[PDB]
Amino acid sequence: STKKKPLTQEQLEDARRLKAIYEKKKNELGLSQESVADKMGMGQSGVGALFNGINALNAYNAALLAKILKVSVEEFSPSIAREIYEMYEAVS
Amino acid sequence: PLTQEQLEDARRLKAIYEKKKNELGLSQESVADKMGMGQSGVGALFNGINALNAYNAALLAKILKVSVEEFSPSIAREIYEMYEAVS
DNA sequence: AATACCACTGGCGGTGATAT
DNA sequence: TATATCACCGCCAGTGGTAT
């Protein structure tokens with residue numbers, strides 16, 4: 001319905017990429033979805049939604065997660081990385 | 001209402017538009033066309049009615065030929081921090 | 001003319017509980 | 001325990017129509 005909009009195919013692949021990085025690294029980083037949520041100031045279901053392709057990433061959340069997982073945003077979402085780069089061109 | 005800093009940002013932004021409009025041949029509708037939105041929406045931003053976010057601020061900066069920091073140092077800072085994650 | 005004003009609404013960005 | 005999923009929705013940025 002009207003309340004929530006489904007993600008594009010591209011947003012879906014971005015989420016699969018993100019969740020795989022999280023799985024590969026949650027051990028070495030000592031993470032949990034609940035700790036990630038805390039770091040971001042949301043609950044486990046908010047993070048679960050991003051990881052599972054229910055809610056889409058925005059530039060801000062993507063940047064935060066990249067930092068938490070210690071990767072660059074482009075390793076999961078090249079398109080958001082590029083939107084972030086184009087915004088940067090307006091500051092620099 | 002928006003915060004005092006958000007209101008200042010809007011005042012800086014409109015001042016810039018007022019000053020460069022003639023040389024750049026702009027109007028609130030043409031700037032709106034350029035951002036994919038309507039005159040009403042643009043007017044709300046210029047007038048401190050709706051808050052600016054990083055994307056719209058970056059578009060506006062490019063349309064006005066200025067840097068984001070010229071109207072909103074706080075947003076410029078946010079932008080830079082996201083970039084720290086793409087680097 | 002160009003801009004400002006008004007009432008309104010889709011969908012972003014979540015929540016807590018429950019199921020696995 | 002950790003995660004995945006479910007029902008649910010506040011809020012406001014942007015709207016189109018109109019007034020100045």
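Labels below follow one simple rule: chain letters A, B, ... track the order of the sequence lines, proteins then strands, and each chain is numbered from 1.
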How close or far is atom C1' of C:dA4 from atom CG of B:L45, stated in whole angstroms?
14 Å
I'd like to know if A:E23 pairs up with A:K19 as an ion pair, taking the criterion as any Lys NZ or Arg NE/NH1/NH2 lying under 4.0 Å from an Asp or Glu carboxylate oxygen.
no
Which sits closer to the 5' end of DNA chain C, A:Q44 or B:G43, going by the nucleotide each is nearest to?
B:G43
Could you state the atom-to-atom distance from CD of B:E29 to P of C:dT3 in whole Å?
9 Å
Choose from D:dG14, C:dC5, D:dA4 the nucleotide whose nearest atom is closest to any side-chain atom of B:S40.
C:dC5
A:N61 side chain, from C-beta outward: closest of C:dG14, D:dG14, C:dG11
C:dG14
Parallel under 30°, tilted from 30 to 60°, perpendicular over 60°: which one fits the rings of B:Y83 and A:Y88?
parallel
Of C:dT3, C:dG10, C:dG13, the nucleotide closest to the side chain of B:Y17 is C:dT3
Is the closest side-chain heavy-atom distance between A:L57 and A:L65 below 4.5 Å?
yes
Mind checking B:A44 for me? I need base, sugar-phosphate or nothing, with any heavy atom below 4.0 Å counting as a touch.
nothing
Atom CZ of B:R11 with >12 non-hydrogen neighbours under 6.0 angstrom
yes
With north defined by a positive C1'-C2'-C3'-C4' torsion and south by a negative one, D:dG14 has a sugar that is south
Picking from C:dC12, C:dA4, C:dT3, which would you name as closest to the side chain of A:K3?
C:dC12
Could you check how far CG of A:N55 sits from P of D:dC8, rounded to whole Å?
17 Å
Distance in angstrom units between A:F51 CZ and D:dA4 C1', rounded
13 Å
Full working for salt bridge (charged side-chain N to carboxylate O under 4.0 Å, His left out) between A:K67 and B:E84:
CA-CA 9 Å; A:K67 284 168 184 161; B:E84 278 170 359; 3.6 Å; yes
Closest to the A:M42 side chain: C:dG14, C:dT3, D:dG14?
C:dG14
Would you kindly give the CD-to-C1' distance between A:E23 and D:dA4, to the nearest whole Å?
12 Å
Does A:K4 put a side-chain nitrogen or oxygen below 4.0 Å from OP1 or OP2 of D:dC6?
no
Nearest of D:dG14, C:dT3, C:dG13 to any side-chain atom of A:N58?
C:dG13
Atom CD1 of B:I49 and atom P of D:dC12: how far apart are they, to the nearest Å?
14 Å
Between D:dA2 atom P and A:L29 atom CG, what is the distance in whole Å?
16 Å
Hey, does the side chain of A:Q33 come within less than 4.0 Å of D:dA4's phosphate (OP1/OP2), counting only N and O?
yes
So does B:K21 get a side-chain nitrogen or oxygen closer than 4.0 Å to the phosphate oxygens (OP1/OP2) of C:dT3?
yes
Rounded to whole angstroms, how far apart are CD on A:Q11 and P on C:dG11?
13 Å
Which one, D:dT3, C:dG11, C:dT3, comes nearest to the side chain of A:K5?
C:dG11
State, to 0.1 Å, how close A:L29 and A:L69 come at their nearest heavy-atom pair, and which atoms those are.
CD1-O, 3.8 Å
